[PDB]
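A.B. asks: What follows is a single structure, and I will ask about it in a moment.
Don't worry about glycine lacking a Cβ; one is built from the backbone with ideal geometry, like all the others, and counts go over all protein chains shown. Coordinate-derived values only; no laboratory data.
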Amino acid sequence: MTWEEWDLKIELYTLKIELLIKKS
Amino acid sequence: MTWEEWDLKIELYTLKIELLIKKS
Amino acid sequence: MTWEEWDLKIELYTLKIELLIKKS
Amino acid sequence: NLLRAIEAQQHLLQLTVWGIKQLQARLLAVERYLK
Amino acid sequence: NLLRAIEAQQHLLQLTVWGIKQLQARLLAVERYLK
Amino acid sequence: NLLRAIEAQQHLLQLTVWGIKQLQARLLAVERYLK
């Protein structure tokens, strides 16, 4: 794992939660 | 965008999760 | 708290959350 | 009310992510300077 | 239920906040020595 | 879907934990180098 990956993954998971927040 | 706001913000939101954790 | 304890507690709480997620 | 806790924890999460990126960028600048 | 996981995630959160604060003050210390 | 939100926040927490341990090791290395 690298900082590039870490960063990509922050974005991916941040988006998900925000989508899912809007929905529940 | 300061570290002062950061700390301030952290304490604010901690307070609020705590309130809502206890209330639920 | 030193970092040895910090690391330790991180492990303990992780287990709990994962445990809770599996059971939730 | 579980939802609002989650919303509030997400705000805390973005604060910790912010602080980490801040520290990474500045530690990198330090390591780069000393080399 | 889910509330226990959130409260457990909250404590994990506060552990990360502790770490970030420790790093911030020690990095500030390094940065000032170098300037 | 509260649980899926919680689950995804747990991966966020895990990523912050990772970033913090990375910084500590490297900042420690910087502090050792200068002593």
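A.B. asks: Under 8 Å by Cβ, and 6 or more places apart or on different chains, what pairs join a residue from region E:15-29 that is over 10 Å from D:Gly19 (Cα atoms) with one that is charged (D, E, K, R)?
C.D. replies: E:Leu15/C:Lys9; E:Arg26/F:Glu31; E:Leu27/D:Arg26
A.B. asks: Here's another thing I want to ask about it. Considering only residues that are farther than 20 Å from D:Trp18 by Cβ and assigned to a helix (DSSP H, G or I), which ones fall in chain E? Spell out the reasoning first.
C.D. replies: First, the residues of chain E that are farther than 20 Å from D:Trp18 by Cβ: E:1-8, E:11, E:29-30, E:32-35.
Those that are farther than 20 Å from D:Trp18 by Cβ and assigned to a helix (DSSP H, G or I): E:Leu2, E:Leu3, E:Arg4, E:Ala5, E:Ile6, E:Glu7, E:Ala8, E:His11, E:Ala29, E:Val30, E:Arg32, E:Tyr33.
A.B. asks: Of all residues in chain B, which are within 14 Å of D:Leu13 (Cα to Cα), surrounded by fewer than 17 Cβ atoms within 10 Å (Cβ to Cβ) and at the interface with another protein chain (Cβ under 7 Å from one of its Cβ atoms)?
C.D. replies: B:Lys9
A.B. asks: A further question follows. Among the residues of chain A, which ones are among the polar types (S, T, N, Q) and over 19 Å from D:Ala25 (Cβ atoms)?
C.D. replies: Residue satisfying the conditions is A:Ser24 alone.
A.B. asks: Counting only residues that are more than 7 Å from every other protein chain (Cβ to nearest Cβ) and either on the phi > 0 side of the Ramachandran plot or over 18 Å from the mean Cα position of the chain (by Cα) (or both), how many does region F:1-32 have?
C.D. replies: 1
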